[PDB]
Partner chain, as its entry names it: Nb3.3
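Next up: just one chain, as structure tokens, the form solved without its partner chain.
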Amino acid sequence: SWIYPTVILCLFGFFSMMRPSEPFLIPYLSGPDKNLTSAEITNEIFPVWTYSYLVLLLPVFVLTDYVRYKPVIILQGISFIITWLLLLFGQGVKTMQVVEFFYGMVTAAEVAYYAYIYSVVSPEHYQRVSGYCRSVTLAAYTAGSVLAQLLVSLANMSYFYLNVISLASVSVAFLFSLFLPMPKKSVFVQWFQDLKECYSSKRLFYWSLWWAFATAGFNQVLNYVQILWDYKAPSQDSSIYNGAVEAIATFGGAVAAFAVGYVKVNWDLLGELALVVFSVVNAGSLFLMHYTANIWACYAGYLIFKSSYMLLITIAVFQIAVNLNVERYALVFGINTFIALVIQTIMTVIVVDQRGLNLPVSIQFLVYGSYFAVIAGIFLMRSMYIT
């Protein structure tokens, strides 16, 4: 049945995403452990990750379906070992750039991790499995997050020890990915027309267009929500109050993902209504936590936004997988993620980069909320016109 591959992939996703070093990544390599200045951290180290993510997402959707989705997952586990091995025993800027390159590899293979379970289970389970997979990742995150907090609050555990235990956690993920069942088998412009034979399936462009636009704004909000929280309440002790909140926020999203799988409600009739309702919910939450002058209301707004977006993206992924009617599961997911990454990079260059408009953090979340409201109103007007 579907139980064994789903369980193995959920174990792999949990043990590969439960990394306690994530909330304390910058403090780890901005202190005595690595002795790296913050100037090189955000200008010559982090953008390498984005460039690697784009460059390595370019071939993932091309070649994942050919290799039947397993070697790319195994490649994620291999890159997980290399990334944290270099982050453990690597000094200087040069090692960090390779670390970000391998993390871009890791995410480009996370795309294949998402596509694999649809490549191996029958379509009837495509709903249930969907939620579970997403939920697991989210769950892993919050689990790891709280673990890190505990090891800062109840163990006095150094960041190096957090990193090595995270490497051990992703080491088990590699072993679980080794045991994943293998999916069964099955003039450049011609390939493009092949895409035209895949993106015309039961208006899958609509869900894909939402994915290509909503998740870019979601990633930007994730990147800059810590900055907004620091700006709103400039407290030196807010860090413990910040990351932990993200944890529970992620947990909320997990529940939302678990909302999709567990309940048995048709989504091919409620897909448009759910999309528009939770998109206007995302817009309202983004506007709520920008305007309110209290960090608790902003925390609630962020939790609502993250949970609603996670539910929406679970629905989007399930509906794309079901309506695809072609085996190219990682091509659609890969191209959607690549287009969304391009949009996110362009809009963060326009909005945040000095070469761009360079809006302040006060107006950054206003324009994020306006962008999400525009996205919601596009589907509001389309649904009303279609009726």
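If you superpose the two forms and keep the largest set of C-alpha atoms that fall within 1.5 Å, you have the rigid core. Numbering follows the first chain given and starts at 1. Residues that one form lacks are left out of the comparison.
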Unmodelled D237 in at least one third of other entries with both flanks present:
no
Flanks modelled, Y113 absent in at least a third of other entries
no
Absent coordinates between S186 and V187 - deposited residues affected, binned into four classes
10 or more
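Keep in mind that the form solved in complex with its partner chain is missing from the display, and what follows is about it.
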Of the candidate stretches 330-338, 38-46, 52-60, 65-73, the one with residues having heavy atoms within 4.5 Å of its partner chain in the deposited complex is 38-46
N325 within 4.5 Å of its partner chain in the deposited complex, heavy atoms:
no
Quick check on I343: any heavy atom within 4.5 Å of its partner chain in the deposited complex?
no
Given that the partner is absent here, does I363 sit within 4.5 Å of its partner chain in the deposited complex, heavy atoms only?
yes
Contact with its partner chain in the deposited complex for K202, defined as at least one heavy atom pair within 4.5 Å: yes or no?
no
Site check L11, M17 and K264: each within 4.5 Å of its partner chain in the deposited complex by heavy atom
no
Note: exactly one of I295, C198, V172, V93 sits with a heavy atom within 4.5 Å of its partner chain in the deposited complex, namely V93
Going through 200-224, which residues have a heavy atom within 4.5 Å of its partner chain in the deposited complex? Please give them in sequence order.
none
Report the residue, chosen from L286, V170, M96, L162, for which the CA moves 2 Å or more between the shown form and the other one after the rigid core is overlaid.
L286
Once both forms sit on the same rigid core, is the C-alpha displacement of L324 at or above 2 Å between the shown form and the other one?
yes
Once both forms sit on the same rigid core, is the C-alpha displacement of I335 at or above 2 Å between the shown form and the other one?
yes
Any chance the CA of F12 moves 2 angstroms or more between the shown form and the other one, core superposed?
no
Pin down for me whether the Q226-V99 Cα distance shrinks or grows in the deposited complex relative to this form (closer or farther, change of 3 Å or more).
closer
Over in the other structure, so in the deposited complex, do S145 and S238 pull closer or drift farther apart at the C-alpha level? The difference is 3 angstroms or more.
farther
Mind listing the moving segments between the shown form and the other one, meaning three or more residues in a row, each Cα shifted 2 angstroms or more, core aligned?
197-243, 248-337, 339-385
